[PDB]
2 protein chains.
Amino acid sequence: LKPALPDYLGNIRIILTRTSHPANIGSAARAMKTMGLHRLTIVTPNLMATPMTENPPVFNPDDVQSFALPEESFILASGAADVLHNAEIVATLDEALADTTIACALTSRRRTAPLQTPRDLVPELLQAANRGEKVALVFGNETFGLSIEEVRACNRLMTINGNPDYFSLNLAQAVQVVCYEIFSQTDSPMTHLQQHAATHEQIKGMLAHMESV
Amino acid sequence: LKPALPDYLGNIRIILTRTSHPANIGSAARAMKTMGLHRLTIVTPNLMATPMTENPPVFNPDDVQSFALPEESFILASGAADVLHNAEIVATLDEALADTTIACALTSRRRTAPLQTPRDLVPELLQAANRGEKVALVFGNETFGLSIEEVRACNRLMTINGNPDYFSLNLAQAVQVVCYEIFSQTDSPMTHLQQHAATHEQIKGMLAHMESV
């Protein structure tokens, strides 16, 4: 028989941070939908001018309502354009993670804690999503990746391994690899029990002693 | 500690068949090397004219020696250009598979036997390569995929699953996904024993009753 997409996929967020290339946003939507993910958040885009986008929109933290993604993005999304139309555009990674319980930063050994592969981290993400918790995968700038404050806002380090002597994986290929891994694991059996983990907003409150007893 | 690339990777071949876009050859090399694969075979390329390749080379089955890949391919390969320089260019999928023992056709349900995922097929490929056997992953034309005679030349059907309602994975992303899967499994323990499986050339001989007793 044929398996339906698990509902828990609706709880997985793809988060793109400080994106330069409008095309990459389009690719990301295309990669996501193909692997059954529909929830995209764009955080502080700094879109460069391209052959297809002479005039990149400029992002305004005070007036997010004005922000319109370039035609180029929509073009590259194809039949995944809906995903872009439903994207949350947001000014801080904090706001984007507000209600998530797990958030993986994609980085490389540019240095300190243990990195985990998508193979190893996806099970934990899937169970969490299955429990009704929002979970997120966070991607940084094409050139710069995630700043160290961005990385610190996440509670998991994710790496994609490969050839130690040569490694060249662009952001679209990285989003593709991660969405593939996620989907590749949806044949896992899931226990339906009774959970509550704290969200990122709640964790911020507690660290700042802003909780109310 | 840090793991070296397994030598058995040297026995895995990526085979690209009836490729239209010169860029895709470049992408494939880049995707491969990043995941520690170095062996590319190009079979009957039919390169289309692009903005960067006004004059695609025309492939001649009788004079393979003349065939030079466009600059565009080399450009897109980056620091994986060596892989393209070491590519075997060949006229038939038969010649390309001649000395392999396993060969996976990448296709979709355009119809009859069971398809296997890269997750499920890679173990078998890795053990085989580990035994010293050559093994191959076969990719068809961007528009047309593998002809039915091509598929029949392979002894495994490989599919990449995703969203049943929308699936859009280009050839570069497909090569990327497959190389990732391969590498993602190189942490598997391998038994060193004493093997012999028949190669594809040998299997052709036997079916045609051309063996010598």
# chains A, B, ... in the order shown; residues from 1 in each chain; ligands from 1
>>> interface_residues(of="chain A", to="chain B", cutoff="8 Å", atoms="only C-alpha atoms", output="list in words")
residues 4, 5, 30, 31, 33, 34, 35, 36, 79, 119, 161, 162, 163, 164, 166, 167, 168, 169, 173, 176, 177, 180, 183 and 184 of chain A
>>> residues_around(residues="stretch 191-207 of chain A", least_positions_apart="4", cutoff="6 Å", atoms="only C-alpha atoms", output="compact mmCIF listing (two decimals) with N, CA, C and O atoms, in the first residue's frame")
# COMPACT_ATOMS: atom_id res chain seq x y z
N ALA A 98 10.75 31.37 18.49
CA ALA A 98 9.87 31.60 19.65
C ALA A 98 9.17 30.35 20.18
O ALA A 98 9.34 29.99 21.35
N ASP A 99 8.38 29.67 19.34
CA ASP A 99 7.60 28.54 19.82
C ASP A 99 8.15 27.15 19.46
O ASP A 99 7.42 26.16 19.50
N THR A 100 9.43 27.06 19.15
CA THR A 100 10.00 25.75 18.87
C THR A 100 10.67 25.15 20.11
O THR A 100 11.08 25.88 21.02
N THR A 101 10.78 23.83 20.13
CA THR A 101 11.44 23.14 21.22
C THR A 101 12.82 22.61 20.83
O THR A 101 13.61 22.34 21.72
N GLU A 211 10.02 34.49 34.36
CA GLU A 211 8.88 33.61 34.58
C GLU A 211 7.99 34.15 35.69
O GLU A 211 8.47 34.90 36.55
>>> select_by_dssp(residues="stretch 5-185 of chain A", states="strand (DSSP E)", output="PyMOL selection string")
chain A and resi 12-17+39-43+88-90+100-106+134-139+156-158
>>> atom_distance(atom1="atom CA of residue B:126", atom2="atom CA of residue B:138")
15.8 Å
>>> atom_distance(atom1="atom CA of residue A:87", atom2="atom CA of residue A:124")
24.5 Å
>>> residues_around(residues="residue A:61", least_positions_apart="5", cutoff="12 Å", atoms="only C-alpha atoms", output="list in words")
residues 43, 44, 45, 46, 66, 67, 89, 90, 91, 92 and 95 of chain A
>>> select_by_dssp(residues="stretch 18-205 of chain A", states="helix (DSSP H, G or I)", output="number ranges by chain")
A: 22-34, 64-66, 71-85, 93-97, 118-130, 148-152, 171-184, 200-205
>>> write_last_selection(atoms="C-alpha atoms", output="PDB file, in the first residue's frame")
ATOM      1  CA  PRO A  22      16.734  35.328  -4.237  1.00  0.00           C
ATOM      2  CA  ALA A  23      17.114  32.112  -6.295  1.00  0.00           C
ATOM      3  CA  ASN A  24      18.057  30.187  -3.178  1.00  0.00           C
ATOM      4  CA  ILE A  25      14.773  31.012  -1.520  1.00  0.00           C
ATOM      5  CA  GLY A  26      12.989  29.587  -4.572  1.00  0.00           C
ATOM      6  CA  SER A  27      15.171  26.470  -4.584  1.00  0.00           C
ATOM      7  CA  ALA A  28      14.517  25.961  -0.886  1.00  0.00           C
ATOM      8  CA  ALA A  29      10.724  26.010  -1.382  1.00  0.00           C
ATOM      9  CA  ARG A  30      11.101  23.542  -4.312  1.00  0.00           C
ATOM     10  CA  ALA A  31      13.363  21.217  -2.261  1.00  0.00           C
ATOM     11  CA  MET A  32      10.995  21.438   0.729  1.00  0.00           C
ATOM     12  CA  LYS A  33       7.688  20.691  -0.976  1.00  0.00           C
ATOM     13  CA  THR A  34       9.173  17.734  -2.853  1.00  0.00           C
ATOM     14  CA  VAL A  64       8.137  43.753   7.837  1.00  0.00           C
ATOM     15  CA  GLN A  65       4.656  44.127   6.265  1.00  0.00           C
ATOM     16  CA  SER A  66       6.243  45.851   3.213  1.00  0.00           C
ATOM     17  CA  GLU A  71       9.852  37.660  -8.889  1.00  0.00           C
ATOM     18  CA  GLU A  72      13.042  35.590  -9.250  1.00  0.00           C
ATOM     19  CA  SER A  73      12.285  33.708  -6.052  1.00  0.00           C
ATOM     20  CA  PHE A  74       8.770  32.868  -7.216  1.00  0.00           C
ATOM     21  CA  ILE A  75      10.088  31.811 -10.605  1.00  0.00           C
ATOM     22  CA  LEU A  76      12.558  29.400  -9.034  1.00  0.00           C
ATOM     23  CA  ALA A  77       9.920  27.951  -6.701  1.00  0.00           C
ATOM     24  CA  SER A  78       7.874  26.511  -9.653  1.00  0.00           C
ATOM     25  CA  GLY A  79       4.806  24.677  -8.334  1.00  0.00           C
ATOM     26  CA  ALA A  80       6.120  25.290  -4.822  1.00  0.00           C
ATOM     27  CA  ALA A  81       5.247  29.017  -5.055  1.00  0.00           C
ATOM     28  CA  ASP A  82       2.508  28.494  -2.438  1.00  0.00           C
ATOM     29  CA  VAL A  83       5.251  27.691   0.113  1.00  0.00           C
ATOM     30  CA  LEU A  84       6.781  31.158  -0.520  1.00  0.00           C
ATOM     31  CA  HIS A  85       3.377  32.827  -0.341  1.00  0.00           C
ATOM     32  CA  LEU A  93      16.021  34.407  14.725  1.00  0.00           C
ATOM     33  CA  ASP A  94      14.526  34.734  18.256  1.00  0.00           C
ATOM     34  CA  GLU A  95      11.066  35.495  16.875  1.00  0.00           C
ATOM     35  CA  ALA A  96      11.416  32.724  14.306  1.00  0.00           C
ATOM     36  CA  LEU A  97      12.283  30.157  17.010  1.00  0.00           C
ATOM     37  CA  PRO A 118      21.190  14.850   9.881  1.00  0.00           C
ATOM     38  CA  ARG A 119      21.114  11.001   9.948  1.00  0.00           C
ATOM     39  CA  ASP A 120      21.581  11.179  13.737  1.00  0.00           C
ATOM     40  CA  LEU A 121      19.547  14.253  14.575  1.00  0.00           C
ATOM     41  CA  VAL A 122      16.392  13.616  12.484  1.00  0.00           C
ATOM     42  CA  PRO A 123      14.967  10.812  14.750  1.00  0.00           C
ATOM     43  CA  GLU A 124      14.855  13.231  17.690  1.00  0.00           C
ATOM     44  CA  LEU A 125      13.272  15.912  15.490  1.00  0.00           C
ATOM     45  CA  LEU A 126      10.613  13.503  14.224  1.00  0.00           C
ATOM     46  CA  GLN A 127       9.572  12.266  17.684  1.00  0.00           C
ATOM     47  CA  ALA A 128       9.376  15.851  18.883  1.00  0.00           C
ATOM     48  CA  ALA A 129       7.240  16.909  15.908  1.00  0.00           C
ATOM     49  CA  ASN A 130       5.140  13.805  16.455  1.00  0.00           C
ATOM     50  CA  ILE A 148      27.895  32.965  16.537  1.00  0.00           C
ATOM     51  CA  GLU A 149      24.826  34.618  18.177  1.00  0.00           C
ATOM     52  CA  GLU A 150      22.615  32.776  15.711  1.00  0.00           C
ATOM     53  CA  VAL A 151      24.263  29.476  16.540  1.00  0.00           C
ATOM     54  CA  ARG A 152      23.836  30.177  20.260  1.00  0.00           C
ATOM     55  CA  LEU A 171      23.005  26.339   0.261  1.00  0.00           C
ATOM     56  CA  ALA A 172      20.364  24.893  -2.138  1.00  0.00           C
ATOM     57  CA  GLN A 173      22.137  21.515  -2.070  1.00  0.00           C
ATOM     58  CA  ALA A 174      22.335  21.704   1.748  1.00  0.00           C
ATOM     59  CA  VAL A 175      18.640  22.443   2.100  1.00  0.00           C
ATOM     60  CA  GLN A 176      18.019  19.583  -0.353  1.00  0.00           C
ATOM     61  CA  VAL A 177      20.156  17.151   1.587  1.00  0.00           C
ATOM     62  CA  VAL A 178      18.435  18.012   4.902  1.00  0.00           C
ATOM     63  CA  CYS A 179      14.885  17.759   3.525  1.00  0.00           C
ATOM     64  CA  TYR A 180      15.760  14.451   1.947  1.00  0.00           C
ATOM     65  CA  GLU A 181      17.056  13.116   5.262  1.00  0.00           C
ATOM     66  CA  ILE A 182      13.885  14.221   7.050  1.00  0.00           C
ATOM     67  CA  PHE A 183      11.640  12.550   4.526  1.00  0.00           C
ATOM     68  CA  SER A 184      13.844   9.517   4.270  1.00  0.00           C
ATOM     69  CA  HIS A 200      12.487  28.774  23.053  1.00  0.00           C
ATOM     70  CA  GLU A 201      10.529  31.883  24.225  1.00  0.00           C
ATOM     71  CA  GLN A 202       9.868  30.175  27.537  1.00  0.00           C
ATOM     72  CA  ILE A 203      13.548  29.184  27.840  1.00  0.00           C
ATOM     73  CA  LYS A 204      14.556  32.851  27.221  1.00  0.00           C
ATOM     74  CA  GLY A 205      12.150  33.991  29.984  1.00  0.00           C
TER      75      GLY A 205
END
